[PDB]
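First comes the structure, then the notes that go with it.
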Amino acid sequence: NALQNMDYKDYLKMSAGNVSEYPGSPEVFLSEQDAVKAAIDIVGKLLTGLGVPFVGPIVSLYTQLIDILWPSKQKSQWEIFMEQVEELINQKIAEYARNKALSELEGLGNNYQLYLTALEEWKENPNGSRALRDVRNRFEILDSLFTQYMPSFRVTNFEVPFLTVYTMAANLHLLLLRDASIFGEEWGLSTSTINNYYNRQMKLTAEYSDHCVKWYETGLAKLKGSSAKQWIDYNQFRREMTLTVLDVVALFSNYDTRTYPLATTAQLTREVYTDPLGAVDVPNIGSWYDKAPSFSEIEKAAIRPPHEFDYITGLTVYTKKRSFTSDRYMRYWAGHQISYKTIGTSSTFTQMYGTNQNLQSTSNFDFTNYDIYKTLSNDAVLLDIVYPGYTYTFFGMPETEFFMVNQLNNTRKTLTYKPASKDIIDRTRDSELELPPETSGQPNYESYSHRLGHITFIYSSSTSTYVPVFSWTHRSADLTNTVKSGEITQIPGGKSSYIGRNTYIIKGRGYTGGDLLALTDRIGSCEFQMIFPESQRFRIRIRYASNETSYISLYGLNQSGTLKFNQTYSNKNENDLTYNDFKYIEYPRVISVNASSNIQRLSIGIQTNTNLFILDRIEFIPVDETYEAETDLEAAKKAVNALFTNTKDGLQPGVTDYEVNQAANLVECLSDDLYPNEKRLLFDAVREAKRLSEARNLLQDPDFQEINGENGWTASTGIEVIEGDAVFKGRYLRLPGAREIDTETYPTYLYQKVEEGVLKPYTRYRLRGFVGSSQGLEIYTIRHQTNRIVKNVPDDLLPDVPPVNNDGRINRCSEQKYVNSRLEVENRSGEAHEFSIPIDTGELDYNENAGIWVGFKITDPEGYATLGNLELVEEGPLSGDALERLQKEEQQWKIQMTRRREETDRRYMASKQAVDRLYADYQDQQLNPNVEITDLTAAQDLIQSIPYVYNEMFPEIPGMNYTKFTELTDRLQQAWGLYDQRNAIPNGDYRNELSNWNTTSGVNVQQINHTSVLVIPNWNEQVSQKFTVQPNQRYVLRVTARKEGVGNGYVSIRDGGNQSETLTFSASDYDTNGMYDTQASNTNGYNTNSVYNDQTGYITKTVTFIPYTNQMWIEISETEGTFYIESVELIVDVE
């Protein structure tokens, strides 16, 4: 039945089994198909040998490439590649340049065929200089031929005509240089010569990619028009040049043998569109596009916007009938609903196309578990002539056969749409003319290159346009996202799954073999669903682009964590990306999956900082069981080595104490079982490094063991020392916020002085440390000038996901791996965790002994900081601009000090004399009898007026005059001590508040001018004391007081007998009688007065007294107003 009209060639291509007919024209007729046939075969063979570094497969590959590109047939395959593009864009390449290129490419052929033999010779005798000289030399020859010839395939004004040639040539050149890096050392080639081949490969891979994309776009943009006819030509260029150019360009990055050192599977996820299913150039009738929608309307209708990868599961076709008379009618595809889905997910999607109004019938097709590898359609016309002689035409699609192969068990099946028509003009359309299979010894149901993906539709009621359009996906894109053990598996971002969320997909340009997944603030995550049929360990690698540096996070496959990505491009729209804008990042965590038939899920997200991240593809790379252990050894040997000078017995100057700790933590990652000796020697190294750090640190007590001790740190109350905690190894400080109590705030402070004796002249020092986190942390350096910076450091070094678990213990290896991924960000801003502050010396002075103070302070109640790894180190001598700057600072300070010593000496000498005059002797051991409370307060006022006692910016720290202030204060307190001892009235100056006094409830002691005074606020209040004295000697009672307001203040003393004295105080104790107008003394016309200058201080009054008993009473009271008592003293009279 199928056998009778069949050719002998078709019968032999059938074989093992029974198939149908499959009538195709491979190579014959139009040679756009012969070009497309060749591109499809070439791309198909390249796909089975990406990454593979083995001689037999490579030899075998080159064999098939050469048989395609240089057949023994009549016409050159290159000329056909020219005819292909020239006939699409209606432009011939000029004669002289056309004939030159062909001549050079015939020559390339000869040389390539000489390259092949020398390659097969080396796969027999691989050891010695026989087939080794041939091949290494035939290689060199081809490199120079490509260098000389590539410009020949991009003659200006003819870049598009030549595009398929340029691309096929460029492909071979990159393929050739790949041979150098795989068979490099084996062909006896220097390490340095490979690098120059490799570097060029990478340079060329960009230049050749960027060229092909750029001229694809130009080419395509030239074919934009406004008619349906012009659209067909546009889409034909788009389809054919995708197969023939972009599909090849997509492969170029896989020829990088250092990025891809073993077998790799790539996936082409782009869709392509066969020509619309309508009749064209029916003789004497025309074409479906004669009367049809515009270019824009068709592009809108027929072509899908970028979407997640999908496949077809079901179809419902709506059928209508056209009939101008009976005896002649068409039933035709008027519309459809198509069902489809993304990988994994069991969510079904439906779209409707065309019309479903006024139907004859409906046909349903189920496609689940089947690929459609071929369609046979009918492009049809209904012609009828109605009275009185008009002609009417109608174009529709009345029949399709869909050829199907089962995905699971390889069974084959046909479904047919064929409603009843009568007396139409038919022509069949075979998809295999546009998307042929690969040429194998195997039938098209094994070797098919594409499968039916979707069905769109061109509809207009006005023009009676009803035209299906079929879209197709490439075989290399699987429907399961299977990840195999033996290989690097690539999964493009387009193959992510629909989970109910929106998602943003950017159209690709050709570089990636499909469209690009983007993550943005508005739609921040994506999910992959994958089958792992084998247990295996993988590392994950991501190919991406971004305009910013930030972090992605990964969750699934039994883990979760975070990966920094770096800016790859700048100042570009995300649709103008070129080859070199894409880079790779490597997730350091090895991942272990168990074999399963069920889907396993990896979701990728961005932080809430991040604005843009563009995902090309994720990659799974097989790693072996010891890979984790090996790479931890390398990382630790590197970090430890970086601490030391070349002799290995000193620290590098710019290595911090924090970095020594970091390295020590990484050493702990090493396997005890695999690498015992290495771990032991790397620990000896870091311990020594740590001893060197401490030896060069000029700060005392760097491990915080002696806070507030003699020579070390001075610290405010509330500062905590913490041991055995996250982030810091060993001990560190937590500084709390400033303490608020009512109207007072008390700042947190920490400081130390480094003495002039350990320093050097004209030398730069560095204060360094590590801040875990902070808010309002003020850092001070003091020598001559005071400098302050403020550091606010985020709390970003702890993971948010708690990963400690039941295993509550700290693991320094994993902790330091996380922290390192966060210091990576190259800050030196105020926000960075490290800090390093210069402090410069000029000349040293041992007398003045300024030294260097380093200080920390928090004045904010909401402030805090964690602080560790503090050091002050010598960097070295000052030169150049640093030295000029310092000499200016020093000069300015010398001149300013001179004015400050002038001011100090006035105030100091007046303070010194006021204290000296208090004593009789000169060992401050005896008070003068005359000193009264007013001599003591006068002294205090003067001592308080000495300037520059404390540093102006950091008052807790001593200033230049501190020693002077303290000396005098001690001598004053001594004298005040003696005053209290001499006074027979206990607590007569109220320095112990109200001790020893009987008072009513309203009486109080106020501090006025830094001294204690008793206040009697109302007349019903009183004070008294009984105390013992030595009787029958003479005392003097001295009272210093002030009476305000109406009435009198009284101080009464009595003994136990008949002796009694009263002193009286009133407001009238001030009254002065004036001068009497300068007692009129002047002559000749001047009679000025004065300003009778009156103030308000205390009055001192005295009385003598001889007690005749050993008990005395003193009583203090008033009749009205307010009474202030500064002191009552009773002393032995030596007058």
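Throughout, residue positions are numbered sequentially from 1 according to the sequence presented. Just the heavy atoms: all of them, side chains too, but no hydrogens, waters or symmetry mates, feed the values below.
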Problem - Residues forming a side chain to side chain donor-acceptor pair (under 3.5 Å) with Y353, sequence neighbours excluded - result: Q351, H454
Practice task
Say whether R617 and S253, considering side chains only, have a donor N or O and an acceptor N or O under 3.5 Å apart.
Solution key: yes
Practice task
Look only at the side chain of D581 and the backbone of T578, and say whether a donor-acceptor pair between them is shorter than 3.5 Å.
Solution key: yes
Practice task
Please step through side-chain contact (heavy atoms from CB on, under 4.5 Å) for the pair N566 and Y544, ending with a clear verdict.
Solution key: CA-CA 10 Å; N566 315 261; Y544 80 104; 4.1 Å; yes
Exercise for the section: Look at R475 together with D371 and state whether they make a salt bridge at an N to O cut-off of under 4.0 Å. Expected result: no
Problem - Pairwise side-chain contact, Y818 with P803, heavy-atom cut-off 4.5 Å (strictly under) - result: no
Practice task
Determine, stepwise, if the pair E434 / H450 fulfils side chain to side chain donor-acceptor pair (under 3.5 Å).
Solution key: CA-CA 10 Å; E434 284 172 69; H450 287 80; over 6 Å; no
Problem - Spatial distance of atom OG1 (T503) from atom CD (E527) [nearest 0.5 Å] - result: 11.0 Å
Handout entry: Check: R541 side chain, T259 main-chain N or O, donor-acceptor pair, under 3.5 Å
Key = yes
Problem - Side chain to side chain, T205 and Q201, heavy atoms closer than 4.5 Å - result: yes
Exercise for the section: Determine, step by step, whether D478 and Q267 satisfy the side-chain contact (heavy atoms from CB on, under 4.5 Å) criterion, reporting the C-alpha distance in whole Å, the side-chain angles of both residues, the deciding distance to 0.1 Å, and the verdict. Expected result: CA-CA 8 Å; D478 79 2; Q267 302 183 252; 3.6 Å; yes
Practice task
Go through the structure and list residues passing side chain to side chain donor-acceptor pair (under 3.5 Å) with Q529, not counting sequence neighbours.
Solution key: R601
Handout entry: Pair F402 and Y370, ring centroids less than 6.0 Å apart
Key = no
Problem - Verdict with supporting geometry, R539 and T631, side chain to side chain donor-acceptor pair (under 3.5 Å) - result: CA-CA 12 Å; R539 62 186 202 84; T631 61; over 6 Å; no
Handout entry: Any donor-acceptor N/O pair, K222 side chain to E217 backbone, under 3.5 Å
Key = no
Problem - Derivation and outcome, ring pair (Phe, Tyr, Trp, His ring centres under 6.0 Å), residues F403 and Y445 - result: CA-CA 9 Å; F403 292 81; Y445 59 81; over 10 Å; no
Practice task
Decide whether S294 and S296 meet the rule of one side-chain donor and one side-chain acceptor closer than 3.5 Å.
Solution key: no
Completion exercise
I531 and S596 have their tightest heavy-atom pair at CG2-O, 4.1 Å
Exercise for the section: Would you check if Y511 and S209 make a side-chain contact, meaning some heavy-atom pair closer than 4.5 Å? Expected result: yes
Handout entry: Side chain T264, main chain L262, donor-acceptor under 3.5 Å
Key = yes
Exercise for the section: Assess whether atom CG of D800 is packed by more than 12 heavy atoms of other residues, nucleotides or ligands within 6.0 Å. Expected result: no
Practice task
Using the ring of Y166 (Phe, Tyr or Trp, six-membered ring only), decide whether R154 places NZ or CZ under 6.0 Å from its centre and within 45 degrees of its axis.
Solution key: no
Handout entry: Inter-residue atom distance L174.CG - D256.CG, 0.5 Å rounding
Key = 11.0 Å
Fill in the blank from the handout: Nearest heavy-atom contact between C212 and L163 is CA-CD1, 4.0 Å
Exercise for the section: Begin from the C-alpha positions of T244 and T164 and carry the test side chain to side chain donor-acceptor pair (under 3.5 Å) through to its verdict. Expected result: CA-CA 6 Å; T244 260; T164 289; 4.8 Å; no
Handout entry: Atom of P276, atom of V467 and distance for their closest heavy-atom approach
Key = CB-CG1, 3.5 Å
Problem - Flag, side chain of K341 to backbone of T345, donor-acceptor distance under 3.5 Å - result: yes
Fill in the blank from the handout: Rounding to 0.5 Å, atoms CH2 (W472) and CD (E271) come to a distance of 12.5 Å
Handout entry: Ion pair check, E619 and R543, cut-off under 4.0 Å
Key = no
Problem - N/O donor-acceptor pair under 3.5 Å between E159 side chain and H211 backbone - result: no
Practice task
Measure from the side-chain N and O atoms of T456 to the backbone N and O of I303, and report whether any donor-acceptor pair falls under 3.5 Å.
Solution key: no
Handout entry: Ring-face cation of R304 near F349 (centre distance under 6.0 Å, axis angle within 45°)
Key = no
Handout entry: Minimum heavy-atom distance between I343 and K495, given as atom pair plus value
Key = CG1-O, 4.2 Å
Exercise for the section: Answer yes or no: is there a side-chain heavy-atom contact under 4.5 Å between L175 and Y255? Expected result: yes
Handout entry: Residue pair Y216 / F237, side-chain heavy-atom distance below 4.5 Å
Key = yes
Handout entry: Other residues, nucleotides, ligands: >12 heavy atoms within 6.0 Å of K572 NZ
Key = yes
Problem - 4.5 Å side-chain heavy-atom contact, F620 and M530 - result: yes
Exercise for the section: Answer yes or no: is there an ion pair linking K484 with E534, defined by an N-O contact shorter than 4.0 Å? Expected result: no
Exercise for the section: Look at the side chain of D366 and the backbone N and O of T368, then say whether any donor-acceptor pair between them is shorter than 3.5 Å. Expected result: yes
Problem - With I606, the side-chain contact (heavy atoms from CB on, under 4.5 Å) member among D521, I552, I523, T520 - result: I552
Handout entry: Shortest non-hydrogen separation from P293 to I458 and the atoms involved
Key = CG-CG2, 4.1 Å
Handout entry: Stacked cation flag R258 on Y198, 6.0 angstrom / 45 deg
Key = yes
Exercise for the section: Check whether any side-chain heavy atom of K214 lies under 4.5 Å from a side-chain heavy atom of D210, and answer yes or no. Expected result: no
Practice task
To the nearest 0.5 angstrom, please state how far the CD atom of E487 sits from the CD1 atom of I621.
Solution key: 13.0 Å
Handout entry: Donor-acceptor pair, side chain of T274 and main chain of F470, under 3.5 angstrom
Key = yes
Problem - Check: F252 ring centroid to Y208 ring centroid under 6.0 Å - result: no
Fill in the blank from the handout: The reported gap from CD1 in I540 to CG in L563 (rounded to nearest 0.5 angstrom) is 9.5 Å
Completion exercise
d(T269 OG1, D310 CG) to nearest 0.5 Å is 11.5 Å
Completion exercise
In short, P261 meets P53 closest at the heavy-atom pair O-CG, 4.0 Å
Exercise for the section: Give a yes-or-no answer on whether the side chains of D616 and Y584 include a donor-acceptor pair shorter than 3.5 Å. Expected result: no
Exercise for the section: Please check if atom NZ in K564 has more than 12 non-hydrogen atoms from other residues, nucleotides or ligands closer than 6.0 Å. Expected result: yes
Practice task
Quick one: which residue pairs count as a side-chain hydrogen bond (donor to acceptor under 3.5 Å, both in side chains) with a foot in residues 551-561, not counting sequence neighbours?
Solution key: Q559-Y587
Practice task
Could you tell me whether a side-chain N or O of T549 sits under 3.5 Å from a main-chain N or O of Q567, the two making a donor and an acceptor?
Solution key: yes
Exercise for the section: Could you check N820 against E824 for side chain to side chain donor-acceptor pair (under 3.5 Å), going step by step and ending with a plain yes or no? Expected result: CA-CA 6 Å; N820 281 166; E824 270 198 76; over 6 Å; no
Practice task
Indicate yes or no: at least one non-hydrogen side-chain atom of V469 is less than 4.5 angstrom from one of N235.
Solution key: no
Problem - Other residues, nucleotides, ligands: >12 heavy atoms within 6.0 Å of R501 CZ - result: no
Handout entry: Mutual orientation of the aromatic rings belonging to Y448 and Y373 [parallel < 30°, tilted 30-60°, perpendicular > 60°]
Key = tilted
